[PDB]
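Have a look at start.tsv below; it lists TSV, N, CA and C atoms.
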chain	number	residue	atom	x	y	z
A	1	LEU	N	173.58	137.45	156.25
A	1	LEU	CA	173.57	138.93	156.05
A	1	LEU	C	174.97	139.50	156.23
A	2	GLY	N	175.68	139.03	157.26
A	2	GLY	CA	177.10	139.35	157.44
A	2	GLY	C	177.87	139.01	156.18
A	3	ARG	N	177.64	137.79	155.68
A	3	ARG	CA	178.03	137.42	154.32
A	3	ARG	C	177.48	138.42	153.29
A	4	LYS	N	176.19	138.78	153.39
A	4	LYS	CA	175.58	139.77	152.49
A	4	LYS	C	176.36	141.09	152.45
A	5	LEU	N	176.82	141.56	153.60
A	5	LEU	CA	177.51	142.85	153.71
A	5	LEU	C	178.88	142.84	153.02
A	6	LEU	N	179.45	141.65	152.84
A	6	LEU	CA	180.70	141.49	152.12
A	6	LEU	C	180.53	141.18	150.62
A	7	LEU	N	179.29	141.15	150.11
A	7	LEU	CA	179.10	141.08	148.66
A	7	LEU	C	179.57	142.36	148.01
A	8	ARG	N	179.98	142.27	146.75
A	8	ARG	CA	180.37	143.44	145.98
A	8	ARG	C	179.10	144.07	145.36
A	9	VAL	N	179.09	145.38	145.29
A	9	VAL	CA	177.98	146.14	144.72
A	9	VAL	C	177.68	145.70	143.27
A	10	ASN	N	178.73	145.35	142.54
A	10	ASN	CA	178.61	144.79	141.21
A	10	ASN	C	177.54	143.72	141.11
A	11	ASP	N	177.46	142.86	142.13
A	11	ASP	CA	176.57	141.71	142.16
A	11	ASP	C	175.17	141.98	142.75
A	12	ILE	N	174.95	143.16	143.30
A	12	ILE	CA	173.66	143.50	143.90
A	12	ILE	C	172.99	144.72	143.25
A	13	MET	N	173.71	145.43	142.37
A	13	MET	CA	173.15	146.63	141.72
A	13	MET	C	172.12	146.29	140.63
A	14	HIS	N	171.19	147.20	140.36
A	14	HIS	CA	170.29	147.03	139.24
A	14	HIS	C	171.06	147.43	137.99
A	15	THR	N	170.93	146.63	136.95
A	15	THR	CA	171.58	146.86	135.68
A	15	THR	C	170.54	146.75	134.57
A	16	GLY	N	171.00	147.06	133.36
A	16	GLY	CA	170.21	146.91	132.18
A	16	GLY	C	168.93	147.70	132.25
A	17	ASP	N	167.84	147.06	131.86
A	17	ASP	CA	166.49	147.61	131.87
A	17	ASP	C	166.02	148.16	133.21
A	18	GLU	N	166.65	147.73	134.30
A	18	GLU	CA	166.26	148.14	135.62
A	18	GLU	C	166.85	149.49	135.98
A	19	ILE	N	167.77	150.00	135.18
A	19	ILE	CA	168.37	151.29	135.48
A	19	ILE	C	167.41	152.41	135.04
A	20	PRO	N	167.04	153.31	135.97
A	20	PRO	CA	166.34	154.52	135.50
A	20	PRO	C	167.31	155.53	134.93
A	21	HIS	N	167.08	155.90	133.68
A	21	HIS	CA	167.88	156.94	133.05
A	21	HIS	C	167.12	157.61	131.94
A	22	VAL	N	167.41	158.89	131.78
A	22	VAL	CA	166.81	159.71	130.74
A	22	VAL	C	167.89	160.64	130.22
A	23	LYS	N	167.64	161.22	129.06
A	23	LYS	CA	168.54	162.21	128.50
A	23	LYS	C	168.31	163.59	129.09
A	24	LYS	N	169.34	164.43	129.03
A	24	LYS	CA	169.23	165.78	129.58
A	24	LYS	C	168.20	166.68	128.88
A	25	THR	N	167.84	166.34	127.65
A	25	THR	CA	166.74	167.01	126.97
A	25	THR	C	165.33	166.61	127.49
A	26	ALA	N	165.24	165.57	128.32
A	26	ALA	CA	163.92	165.07	128.74
A	26	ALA	C	163.16	166.16	129.48
A	27	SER	N	161.86	166.19	129.28
A	27	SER	CA	160.89	166.89	130.13
A	27	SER	C	161.05	166.47	131.58
A	28	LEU	N	160.79	167.38	132.53
A	28	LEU	CA	160.69	166.96	133.95
A	28	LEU	C	159.63	165.86	134.09
A	29	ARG	N	158.52	166.04	133.42
A	29	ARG	CA	157.43	165.08	133.48
A	29	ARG	C	157.89	163.69	132.98
A	30	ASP	N	158.56	163.65	131.84
A	30	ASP	CA	159.15	162.42	131.33
A	30	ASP	C	160.18	161.83	132.28
A	31	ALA	N	161.02	162.67	132.88
A	31	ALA	CA	161.98	162.14	133.83
A	31	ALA	C	161.26	161.48	135.01
A	32	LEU	N	160.21	162.11	135.49
A	32	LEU	CA	159.43	161.59	136.62
A	32	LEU	C	158.75	160.28	136.26
A	33	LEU	N	158.29	160.16	135.01
A	33	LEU	CA	157.69	158.90	134.54
A	33	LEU	C	158.71	157.77	134.63
A	34	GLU	N	159.96	158.08	134.28
A	34	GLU	CA	161.03	157.08	134.38
A	34	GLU	C	161.32	156.75	135.84
A	35	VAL	N	161.36	157.76	136.72
A	35	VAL	CA	161.61	157.50	138.15
A	35	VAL	C	160.56	156.49	138.66
A	36	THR	N	159.29	156.78	138.36
A	36	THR	CA	158.16	155.94	138.78
A	36	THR	C	158.29	154.51	138.23
A	37	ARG	N	158.51	154.43	136.93
A	37	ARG	CA	158.71	153.17	136.23
A	37	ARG	C	159.69	152.22	136.94
A	38	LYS	N	160.85	152.73	137.36
A	38	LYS	CA	161.92	151.83	137.79
A	38	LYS	C	161.98	151.65	139.31
A	39	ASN	N	161.17	152.41	140.06
A	39	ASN	CA	161.00	152.15	141.51
A	39	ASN	C	162.18	152.31	142.41
A	40	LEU	N	163.12	153.18	142.06
A	40	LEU	CA	164.28	153.37	142.90
A	40	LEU	C	164.28	154.75	143.51
A	41	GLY	N	163.28	155.55	143.23
A	41	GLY	CA	163.19	156.86	143.84
A	41	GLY	C	164.11	157.90	143.24
A	42	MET	N	164.77	157.56	142.14
A	42	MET	CA	165.66	158.48	141.44
A	42	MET	C	165.82	158.06	139.98
A	43	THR	N	166.35	158.97	139.17
A	43	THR	CA	166.79	158.67	137.82
A	43	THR	C	168.19	159.27	137.59
A	44	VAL	N	168.97	158.59	136.76
A	44	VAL	CA	170.20	159.15	136.22
A	44	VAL	C	169.86	159.95	134.96
A	45	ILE	N	170.65	160.96	134.69
A	45	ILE	CA	170.59	161.68	133.44
A	45	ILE	C	171.88	161.34	132.73
A	46	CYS	N	171.76	160.69	131.57
A	46	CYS	CA	172.95	160.27	130.83
A	46	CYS	C	172.61	160.18	129.36
A	47	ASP	N	173.65	160.04	128.55
A	47	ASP	CA	173.47	159.95	127.10
A	47	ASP	C	173.27	158.48	126.77
A	48	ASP	N	173.04	158.19	125.50
A	48	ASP	CA	172.85	156.82	125.06
A	48	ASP	C	174.05	155.94	125.29
A	49	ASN	N	175.24	156.51	125.45
A	49	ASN	CA	176.41	155.72	125.77
A	49	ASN	C	176.59	155.56	127.26
A	50	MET	N	175.56	155.88	128.04
A	50	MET	CA	175.59	155.72	129.49
A	50	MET	C	176.68	156.60	130.17
A	51	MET	N	177.04	157.72	129.54
A	51	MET	CA	177.94	158.68	130.15
A	51	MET	C	177.12	159.62	131.06
A	52	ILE	N	177.46	159.65	132.34
A	52	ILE	CA	176.65	160.35	133.36
A	52	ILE	C	176.74	161.88	133.28
A	53	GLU	N	175.58	162.54	133.28
A	53	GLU	CA	175.49	163.99	133.25
A	53	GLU	C	174.92	164.51	134.56
A	54	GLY	N	174.02	163.75	135.17
A	54	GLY	CA	173.45	164.15	136.44
A	54	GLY	C	172.56	163.11	137.03
A	55	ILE	N	171.92	163.48	138.14
A	55	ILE	CA	171.00	162.61	138.83
A	55	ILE	C	169.86	163.49	139.33
A	56	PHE	N	168.74	162.86	139.61
A	56	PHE	CA	167.59	163.56	140.13
A	56	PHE	C	166.83	162.61	141.01
A	57	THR	N	166.64	163.01	142.25
A	57	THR	CA	165.96	162.18	143.21
A	57	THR	C	164.59	162.79	143.56
A	58	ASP	N	163.77	162.01	144.24
A	58	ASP	CA	162.51	162.49	144.76
A	58	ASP	C	162.72	163.71	145.71
A	59	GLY	N	163.73	163.64	146.56
A	59	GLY	CA	164.08	164.80	147.38
A	59	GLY	C	164.35	166.03	146.56
A	60	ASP	N	165.04	165.87	145.43
A	60	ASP	CA	165.33	166.99	144.53
A	60	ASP	C	164.07	167.63	144.01
A	61	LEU	N	163.00	166.85	143.85
A	61	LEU	CA	161.75	167.41	143.33
A	61	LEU	C	161.15	168.33	144.36
A	62	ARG	N	161.19	167.90	145.62
A	62	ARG	CA	160.80	168.77	146.72
A	62	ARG	C	161.66	170.04	146.70
A	63	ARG	N	162.97	169.89	146.60
A	63	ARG	CA	163.86	171.07	146.53
A	63	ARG	C	163.49	172.03	145.39
A	64	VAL	N	163.08	171.51	144.23
A	64	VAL	CA	162.61	172.34	143.09
A	64	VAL	C	161.44	173.23	143.45
A	65	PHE	N	160.57	172.73	144.32
A	65	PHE	CA	159.37	173.46	144.71
A	65	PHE	C	159.58	174.84	145.33
A	66	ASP	N	160.83	175.22	145.61
A	66	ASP	CA	161.17	176.62	145.94
A	66	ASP	C	160.94	177.61	144.78
A	67	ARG	N	157.00	174.19	134.12
A	67	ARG	CA	157.29	173.20	133.07
A	67	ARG	C	158.71	173.35	132.49
A	68	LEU	N	159.62	172.51	132.98
A	68	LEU	CA	161.05	172.62	132.77
A	68	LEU	C	161.58	171.34	132.12
A	69	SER	N	162.84	171.36	131.70
A	69	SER	CA	163.55	170.13	131.27
A	69	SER	C	164.26	169.55	132.49
A	70	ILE	N	164.61	168.26	132.45
A	70	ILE	CA	165.31	167.64	133.58
A	70	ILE	C	166.70	168.29	133.82
A	71	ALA	N	167.33	168.81	132.77
A	71	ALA	CA	168.62	169.50	132.88
A	71	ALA	C	168.49	170.72	133.77
A	72	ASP	N	167.36	171.40	133.68
A	72	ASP	CA	167.09	172.60	134.48
A	72	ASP	C	167.10	172.33	135.98
A	73	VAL	N	166.83	171.09	136.41
A	73	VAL	CA	166.66	170.83	137.84
A	73	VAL	C	167.54	169.71	138.40
A	74	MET	N	168.30	169.02	137.57
A	74	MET	CA	169.09	167.89	138.06
A	74	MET	C	170.23	168.33	138.96
A	75	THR	N	170.74	167.41	139.74
A	75	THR	CA	172.05	167.56	140.32
A	75	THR	C	173.11	167.17	139.24
A	76	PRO	N	173.88	168.15	138.72
A	76	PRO	CA	174.89	167.76	137.72
A	76	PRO	C	176.07	167.02	138.32
A	77	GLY	N	176.55	166.01	137.61
A	77	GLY	CA	177.49	165.09	138.18
A	77	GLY	C	176.69	164.19	139.07
A	78	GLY	N	177.04	164.11	140.36
A	78	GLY	CA	176.33	163.26	141.31
A	78	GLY	C	177.21	162.29	142.07
A	79	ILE	N	176.79	161.88	143.26
A	79	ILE	CA	177.57	160.91	144.06
A	79	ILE	C	177.43	159.60	143.40
A	80	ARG	N	178.45	158.77	143.46
A	80	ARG	CA	178.42	157.46	142.85
A	80	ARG	C	179.43	156.55	143.54
A	81	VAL	N	179.38	155.25	143.28
A	81	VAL	CA	180.39	154.36	143.83
A	81	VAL	C	180.95	153.50	142.75
A	82	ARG	N	182.11	152.92	142.99
A	82	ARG	CA	182.67	151.97	142.06
A	82	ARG	C	182.09	150.56	142.29
A	83	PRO	N	182.03	149.74	141.23
A	83	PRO	CA	181.37	148.43	141.29
A	83	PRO	C	182.03	147.42	142.22
A	84	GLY	N	183.34	147.58	142.45
A	84	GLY	CA	184.10	146.73	143.36
A	84	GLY	C	183.97	147.06	144.85
A	85	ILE	N	183.27	148.12	145.24
A	85	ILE	CA	183.16	148.37	146.67
A	85	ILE	C	182.22	147.37	147.32
A	86	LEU	N	182.40	147.17	148.62
A	86	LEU	CA	181.57	146.22	149.35
A	86	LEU	C	180.22	146.82	149.70
A	87	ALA	N	179.23	145.94	149.83
A	87	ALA	CA	177.92	146.32	150.28
A	87	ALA	C	177.99	147.15	151.57
A	88	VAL	N	178.79	146.70	152.53
A	88	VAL	CA	178.92	147.40	153.81
A	88	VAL	C	179.52	148.80	153.64
A	89	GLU	N	180.45	148.97	152.71
A	89	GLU	CA	181.07	150.26	152.44
A	89	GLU	C	180.04	151.19	151.79
A	90	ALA	N	179.27	150.65	150.85
A	90	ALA	CA	178.21	151.41	150.19
A	90	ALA	C	177.18	151.86	151.23
A	91	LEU	N	176.80	150.96	152.13
A	91	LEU	CA	175.84	151.28	153.17
A	91	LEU	C	176.33	152.42	154.11
A	92	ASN	N	177.61	152.35	154.45
A	92	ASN	CA	178.25	153.38	155.25
A	92	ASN	C	178.24	154.74	154.60
A	93	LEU	N	178.66	154.80	153.35
A	93	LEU	CA	178.59	156.04	152.58
A	93	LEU	C	177.15	156.59	152.50
A	94	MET	N	176.19	155.73	152.18
A	94	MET	CA	174.81	156.18	152.04
A	94	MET	C	174.26	156.73	153.35
A	95	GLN	N	174.52	156.04	154.44
A	95	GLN	CA	174.13	156.50	155.76
A	95	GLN	C	174.71	157.87	156.07
A	96	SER	N	176.02	158.00	155.92
A	96	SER	CA	176.69	159.23	156.28
A	96	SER	C	176.24	160.39	155.40
A	97	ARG	N	175.84	160.11	154.16
A	97	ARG	CA	175.36	161.17	153.26
A	97	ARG	C	173.85	161.34	153.28
A	98	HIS	N	173.19	160.53	154.11
A	98	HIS	CA	171.75	160.49	154.20
A	98	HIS	C	171.10	160.37	152.83
A	99	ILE	N	171.49	159.34	152.08
A	99	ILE	CA	170.86	158.98	150.80
A	99	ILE	C	170.47	157.49	150.84
A	100	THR	N	169.55	157.11	149.96
A	100	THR	CA	168.97	155.76	149.96
A	100	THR	C	169.22	155.02	148.63
A	101	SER	N	169.89	155.68	147.70
A	101	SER	CA	170.21	155.13	146.38
A	101	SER	C	171.49	155.71	145.98
A	102	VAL	N	172.22	155.00	145.14
A	102	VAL	CA	173.43	155.55	144.58
A	102	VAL	C	173.76	154.91	143.20
A	103	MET	N	174.40	155.69	142.34
A	103	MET	CA	174.83	155.25	141.03
A	103	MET	C	176.09	154.48	141.21
A	104	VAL	N	176.27	153.48	140.36
A	104	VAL	CA	177.48	152.70	140.30
A	104	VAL	C	178.10	152.96	138.92
A	105	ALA	N	179.36	153.38	138.91
A	105	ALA	CA	180.02	153.92	137.72
A	105	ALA	C	181.48	153.58	137.72
A	106	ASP	N	182.02	153.46	136.51
A	106	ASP	CA	183.42	153.45	136.29
A	106	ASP	C	183.70	154.80	135.66
A	107	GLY	N	184.12	155.75	136.50
A	107	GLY	CA	184.34	157.12	136.08
A	107	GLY	C	182.99	157.77	135.78
A	108	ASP	N	182.81	158.22	134.54
A	108	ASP	CA	181.54	158.80	134.15
A	108	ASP	C	180.69	157.78	133.39
A	109	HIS	N	181.12	156.52	133.36
A	109	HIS	CA	180.36	155.46	132.70
A	109	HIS	C	179.44	154.71	133.68
A	110	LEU	N	178.13	154.91	133.53
A	110	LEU	CA	177.14	154.28	134.40
A	110	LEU	C	177.07	152.79	134.19
A	111	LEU	N	177.14	152.03	135.28
A	111	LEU	CA	177.04	150.58	135.23
A	111	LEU	C	175.77	150.05	135.90
A	112	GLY	N	175.18	150.80	136.81
A	112	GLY	CA	174.06	150.24	137.56
A	112	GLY	C	173.63	151.22	138.60
A	113	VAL	N	172.56	150.90	139.31
A	113	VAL	CA	172.10	151.75	140.41
A	113	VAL	C	171.81	150.83	141.60
A	114	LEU	N	172.19	151.27	142.78
A	114	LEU	CA	172.03	150.47	143.98
A	114	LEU	C	171.09	151.21	144.92
A	115	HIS	N	170.14	150.51	145.51
A	115	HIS	CA	169.27	151.06	146.52
A	115	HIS	C	169.54	150.43	147.87
A	116	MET	N	169.33	151.20	148.92
A	116	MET	CA	169.52	150.72	150.28
A	116	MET	C	168.78	149.38	150.50
A	117	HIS	N	167.57	149.28	149.95
A	117	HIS	CA	166.78	148.06	150.08
A	117	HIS	C	167.46	146.82	149.49
A	118	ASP	N	168.20	146.98	148.39
A	118	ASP	CA	168.99	145.86	147.84
A	118	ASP	C	169.99	145.35	148.88
A	119	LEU	N	170.50	146.25	149.71
A	119	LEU	CA	171.50	145.88	150.70
A	119	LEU	C	170.89	145.10	151.86
A	120	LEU	N	169.55	145.01	151.92
A	120	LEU	CA	168.81	143.88	152.56
A	120	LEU	C	169.31	143.48	153.93
Show me this structure written as structure tokens.
Amino acid sequence: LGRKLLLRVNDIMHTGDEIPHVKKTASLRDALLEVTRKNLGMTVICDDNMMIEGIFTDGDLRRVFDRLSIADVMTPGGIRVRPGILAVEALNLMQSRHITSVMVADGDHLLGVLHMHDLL
């Protein structure tokens, strides 16, 4: 696990089909279907070229509770990490920000999503 903490996020993040993402035109309902589908408790909002527009977490749905599109309720932009950071560094950031998932990106280009549980 000590070894585990020195792995790079690149090698532990969900990629490809495992990434939850929807377009900013998506229904809230459709966005939620994607969140459920991929089991990470959040979805990215991005275009077909994987350029990041926002994020939406289960906590954000609670915050909404104060029929919409996902753009209407997302966090625009969003916290993210670079693929070369260490598992331990990612864990530290997530702890300090009190989050359990994070996007992995090169700038605004989405590469993957990491969950606290992956950090094992």
Using DSSP on the backbone, list every residue of chain A that comes out as helix (DSSP H, G or I), and give them as a PDB file with N, CA and C atoms, in the coordinates of the input.
ATOM      1  N   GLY A   2     175.680 139.030 157.260  1.00  0.00           N
ATOM      2  CA  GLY A   2     177.100 139.350 157.440  1.00  0.00           C
ATOM      3  C   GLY A   2     177.870 139.010 156.180  1.00  0.00           C
ATOM      4  N   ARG A   3     177.640 137.790 155.680  1.00  0.00           N
ATOM      5  CA  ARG A   3     178.030 137.420 154.320  1.00  0.00           C
ATOM      6  C   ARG A   3     177.480 138.420 153.290  1.00  0.00           C
ATOM      7  N   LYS A   4     176.190 138.780 153.390  1.00  0.00           N
ATOM      8  CA  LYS A   4     175.580 139.770 152.490  1.00  0.00           C
ATOM      9  C   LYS A   4     176.360 141.090 152.450  1.00  0.00           C
ATOM     10  N   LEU A   5     176.820 141.560 153.600  1.00  0.00           N
ATOM     11  CA  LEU A   5     177.510 142.850 153.710  1.00  0.00           C
ATOM     12  C   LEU A   5     178.880 142.840 153.020  1.00  0.00           C
ATOM     13  N   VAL A   9     179.090 145.380 145.290  1.00  0.00           N
ATOM     14  CA  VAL A   9     177.980 146.140 144.720  1.00  0.00           C
ATOM     15  C   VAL A   9     177.680 145.700 143.270  1.00  0.00           C
ATOM     16  N   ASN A  10     178.730 145.350 142.540  1.00  0.00           N
ATOM     17  CA  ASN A  10     178.610 144.790 141.210  1.00  0.00           C
ATOM     18  C   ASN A  10     177.540 143.720 141.110  1.00  0.00           C
ATOM     19  N   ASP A  11     177.460 142.860 142.130  1.00  0.00           N
ATOM     20  CA  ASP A  11     176.570 141.710 142.160  1.00  0.00           C
ATOM     21  C   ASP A  11     175.170 141.980 142.750  1.00  0.00           C
ATOM     22  N   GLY A  16     171.000 147.060 133.360  1.00  0.00           N
ATOM     23  CA  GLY A  16     170.210 146.910 132.180  1.00  0.00           C
ATOM     24  C   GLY A  16     168.930 147.700 132.250  1.00  0.00           C
ATOM     25  N   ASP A  17     167.840 147.060 131.860  1.00  0.00           N
ATOM     26  CA  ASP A  17     166.490 147.610 131.870  1.00  0.00           C
ATOM     27  C   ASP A  17     166.020 148.160 133.210  1.00  0.00           C
ATOM     28  N   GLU A  18     166.650 147.730 134.300  1.00  0.00           N
ATOM     29  CA  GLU A  18     166.260 148.140 135.620  1.00  0.00           C
ATOM     30  C   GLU A  18     166.850 149.490 135.980  1.00  0.00           C
ATOM     31  N   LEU A  28     160.790 167.380 132.530  1.00  0.00           N
ATOM     32  CA  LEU A  28     160.690 166.960 133.950  1.00  0.00           C
ATOM     33  C   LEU A  28     159.630 165.860 134.090  1.00  0.00           C
ATOM     34  N   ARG A  29     158.520 166.040 133.420  1.00  0.00           N
ATOM     35  CA  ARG A  29     157.430 165.080 133.480  1.00  0.00           C
ATOM     36  C   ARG A  29     157.890 163.690 132.980  1.00  0.00           C
ATOM     37  N   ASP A  30     158.560 163.650 131.840  1.00  0.00           N
ATOM     38  CA  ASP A  30     159.150 162.420 131.330  1.00  0.00           C
ATOM     39  C   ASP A  30     160.180 161.830 132.280  1.00  0.00           C
ATOM     40  N   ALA A  31     161.020 162.670 132.880  1.00  0.00           N
ATOM     41  CA  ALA A  31     161.980 162.140 133.830  1.00  0.00           C
ATOM     42  C   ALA A  31     161.260 161.480 135.010  1.00  0.00           C
ATOM     43  N   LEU A  32     160.210 162.110 135.490  1.00  0.00           N
ATOM     44  CA  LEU A  32     159.430 161.590 136.620  1.00  0.00           C
ATOM     45  C   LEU A  32     158.750 160.280 136.260  1.00  0.00           C
ATOM     46  N   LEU A  33     158.290 160.160 135.010  1.00  0.00           N
ATOM     47  CA  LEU A  33     157.690 158.900 134.540  1.00  0.00           C
ATOM     48  C   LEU A  33     158.710 157.770 134.630  1.00  0.00           C
ATOM     49  N   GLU A  34     159.960 158.080 134.280  1.00  0.00           N
ATOM     50  CA  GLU A  34     161.030 157.080 134.380  1.00  0.00           C
ATOM     51  C   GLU A  34     161.320 156.750 135.840  1.00  0.00           C
ATOM     52  N   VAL A  35     161.360 157.760 136.720  1.00  0.00           N
ATOM     53  CA  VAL A  35     161.610 157.500 138.150  1.00  0.00           C
ATOM     54  C   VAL A  35     160.560 156.490 138.660  1.00  0.00           C
ATOM     55  N   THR A  36     159.290 156.780 138.360  1.00  0.00           N
ATOM     56  CA  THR A  36     158.160 155.940 138.780  1.00  0.00           C
ATOM     57  C   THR A  36     158.290 154.510 138.230  1.00  0.00           C
ATOM     58  N   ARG A  37     158.510 154.430 136.930  1.00  0.00           N
ATOM     59  CA  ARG A  37     158.710 153.170 136.230  1.00  0.00           C
ATOM     60  C   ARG A  37     159.690 152.220 136.940  1.00  0.00           C
ATOM     61  N   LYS A  38     160.850 152.730 137.360  1.00  0.00           N
ATOM     62  CA  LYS A  38     161.920 151.830 137.790  1.00  0.00           C
ATOM     63  C   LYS A  38     161.980 151.650 139.310  1.00  0.00           C
ATOM     64  N   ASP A  58     163.770 162.010 144.240  1.00  0.00           N
ATOM     65  CA  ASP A  58     162.510 162.490 144.760  1.00  0.00           C
ATOM     66  C   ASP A  58     162.720 163.710 145.710  1.00  0.00           C
ATOM     67  N   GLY A  59     163.730 163.640 146.560  1.00  0.00           N
ATOM     68  CA  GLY A  59     164.080 164.800 147.380  1.00  0.00           C
ATOM     69  C   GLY A  59     164.350 166.030 146.560  1.00  0.00           C
ATOM     70  N   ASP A  60     165.040 165.870 145.430  1.00  0.00           N
ATOM     71  CA  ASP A  60     165.330 166.990 144.530  1.00  0.00           C
ATOM     72  C   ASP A  60     164.070 167.630 144.010  1.00  0.00           C
ATOM     73  N   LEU A  61     163.000 166.850 143.850  1.00  0.00           N
ATOM     74  CA  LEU A  61     161.750 167.410 143.330  1.00  0.00           C
ATOM     75  C   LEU A  61     161.150 168.330 144.360  1.00  0.00           C
ATOM     76  N   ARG A  62     161.190 167.900 145.620  1.00  0.00           N
ATOM     77  CA  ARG A  62     160.800 168.770 146.720  1.00  0.00           C
ATOM     78  C   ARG A  62     161.660 170.040 146.700  1.00  0.00           C
ATOM     79  N   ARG A  63     162.970 169.890 146.600  1.00  0.00           N
ATOM     80  CA  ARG A  63     163.860 171.070 146.530  1.00  0.00           C
ATOM     81  C   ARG A  63     163.490 172.030 145.390  1.00  0.00           C
ATOM     82  N   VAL A  64     163.080 171.510 144.230  1.00  0.00           N
ATOM     83  CA  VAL A  64     162.610 172.340 143.090  1.00  0.00           C
ATOM     84  C   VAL A  64     161.440 173.230 143.450  1.00  0.00           C
ATOM     85  N   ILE A  70     164.610 168.260 132.450  1.00  0.00           N
ATOM     86  CA  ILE A  70     165.310 167.640 133.580  1.00  0.00           C
ATOM     87  C   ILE A  70     166.700 168.290 133.820  1.00  0.00           C
ATOM     88  N   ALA A  71     167.330 168.810 132.770  1.00  0.00           N
ATOM     89  CA  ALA A  71     168.620 169.500 132.880  1.00  0.00           C
ATOM     90  C   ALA A  71     168.490 170.720 133.770  1.00  0.00           C
ATOM     91  N   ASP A  72     167.360 171.400 133.680  1.00  0.00           N
ATOM     92  CA  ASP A  72     167.090 172.600 134.480  1.00  0.00           C
ATOM     93  C   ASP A  72     167.100 172.330 135.980  1.00  0.00           C
ATOM     94  N   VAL A  73     166.830 171.090 136.410  1.00  0.00           N
ATOM     95  CA  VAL A  73     166.660 170.830 137.840  1.00  0.00           C
ATOM     96  C   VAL A  73     167.540 169.710 138.400  1.00  0.00           C
ATOM     97  N   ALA A  87     179.230 145.940 149.830  1.00  0.00           N
ATOM     98  CA  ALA A  87     177.920 146.320 150.280  1.00  0.00           C
ATOM     99  C   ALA A  87     177.990 147.150 151.570  1.00  0.00           C
ATOM    100  N   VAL A  88     178.790 146.700 152.530  1.00  0.00           N
ATOM    101  CA  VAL A  88     178.920 147.400 153.810  1.00  0.00           C
ATOM    102  C   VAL A  88     179.520 148.800 153.640  1.00  0.00           C
ATOM    103  N   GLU A  89     180.450 148.970 152.710  1.00  0.00           N
ATOM    104  CA  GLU A  89     181.070 150.260 152.440  1.00  0.00           C
ATOM    105  C   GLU A  89     180.040 151.190 151.790  1.00  0.00           C
ATOM    106  N   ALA A  90     179.270 150.650 150.850  1.00  0.00           N
ATOM    107  CA  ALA A  90     178.210 151.410 150.190  1.00  0.00           C
ATOM    108  C   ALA A  90     177.180 151.860 151.230  1.00  0.00           C
ATOM    109  N   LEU A  91     176.800 150.960 152.130  1.00  0.00           N
ATOM    110  CA  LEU A  91     175.840 151.280 153.170  1.00  0.00           C
ATOM    111  C   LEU A  91     176.330 152.420 154.110  1.00  0.00           C
ATOM    112  N   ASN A  92     177.610 152.350 154.450  1.00  0.00           N
ATOM    113  CA  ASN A  92     178.250 153.380 155.250  1.00  0.00           C
ATOM    114  C   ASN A  92     178.240 154.740 154.600  1.00  0.00           C
ATOM    115  N   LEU A  93     178.660 154.800 153.350  1.00  0.00           N
ATOM    116  CA  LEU A  93     178.590 156.040 152.580  1.00  0.00           C
ATOM    117  C   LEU A  93     177.150 156.590 152.500  1.00  0.00           C
ATOM    118  N   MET A  94     176.190 155.730 152.180  1.00  0.00           N
ATOM    119  CA  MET A  94     174.810 156.180 152.040  1.00  0.00           C
ATOM    120  C   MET A  94     174.260 156.730 153.350  1.00  0.00           C
ATOM    121  N   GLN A  95     174.520 156.040 154.440  1.00  0.00           N
ATOM    122  CA  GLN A  95     174.130 156.500 155.760  1.00  0.00           C
ATOM    123  C   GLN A  95     174.710 157.870 156.070  1.00  0.00           C
ATOM    124  N   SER A  96     176.020 158.000 155.920  1.00  0.00           N
ATOM    125  CA  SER A  96     176.690 159.230 156.280  1.00  0.00           C
ATOM    126  C   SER A  96     176.240 160.390 155.400  1.00  0.00           C
ATOM    127  N   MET A 116     169.330 151.200 148.920  1.00  0.00           N
ATOM    128  CA  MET A 116     169.520 150.720 150.280  1.00  0.00           C
ATOM    129  C   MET A 116     168.780 149.380 150.500  1.00  0.00           C
ATOM    130  N   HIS A 117     167.570 149.280 149.950  1.00  0.00           N
ATOM    131  CA  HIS A 117     166.780 148.060 150.080  1.00  0.00           C
ATOM    132  C   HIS A 117     167.460 146.820 149.490  1.00  0.00           C
ATOM    133  N   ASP A 118     168.200 146.980 148.390  1.00  0.00           N
ATOM    134  CA  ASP A 118     168.990 145.860 147.840  1.00  0.00           C
ATOM    135  C   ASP A 118     169.990 145.350 148.880  1.00  0.00           C
ATOM    136  N   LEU A 119     170.500 146.250 149.710  1.00  0.00           N
ATOM    137  CA  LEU A 119     171.500 145.880 150.700  1.00  0.00           C
ATOM    138  C   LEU A 119     170.890 145.100 151.860  1.00  0.00           C
TER     139      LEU A 119
END
Cut-off 8 Å: closest stretch 3-66 of chain A/stretch 71-75 of chain A atom pairs per residue, using only N, CA and C atoms, as JSON lines:
{"residue": "A:23", "atom": "C", "partner": "A:71", "partner_atom": "N", "distance": 6.5}
{"residue": "A:24", "atom": "C", "partner": "A:71", "partner_atom": "N", "distance": 4.5}
{"residue": "A:25", "atom": "N", "partner": "A:71", "partner_atom": "N", "distance": 5.7}
{"residue": "A:26", "atom": "N", "partner": "A:71", "partner_atom": "N", "distance": 5.9}
{"residue": "A:27", "atom": "C", "partner": "A:71", "partner_atom": "N", "distance": 6.8}
{"residue": "A:28", "atom": "N", "partner": "A:71", "partner_atom": "N", "distance": 6.7}
{"residue": "A:45", "atom": "N", "partner": "A:74", "partner_atom": "CA", "distance": 7.9}
{"residue": "A:53", "atom": "C", "partner": "A:75", "partner_atom": "C", "distance": 5.7}
{"residue": "A:54", "atom": "CA", "partner": "A:75", "partner_atom": "C", "distance": 4.1}
{"residue": "A:55", "atom": "N", "partner": "A:75", "partner_atom": "C", "distance": 4.0}
{"residue": "A:56", "atom": "N", "partner": "A:75", "partner_atom": "N", "distance": 5.0}
{"residue": "A:57", "atom": "N", "partner": "A:75", "partner_atom": "N", "distance": 6.5}
{"residue": "A:60", "atom": "C", "partner": "A:73", "partner_atom": "C", "distance": 6.9}
{"residue": "A:61", "atom": "N", "partner": "A:73", "partner_atom": "C", "distance": 7.6}
{"residue": "A:64", "atom": "CA", "partner": "A:73", "partner_atom": "CA", "distance": 6.8}
Subject >> Separation of atom CA of residue A:120 from atom CA of residue A:13 in Å >> reply: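 Taking atom CA of residue A:13 and atom CA of residue A:120, their separation equals 12.0 Å.
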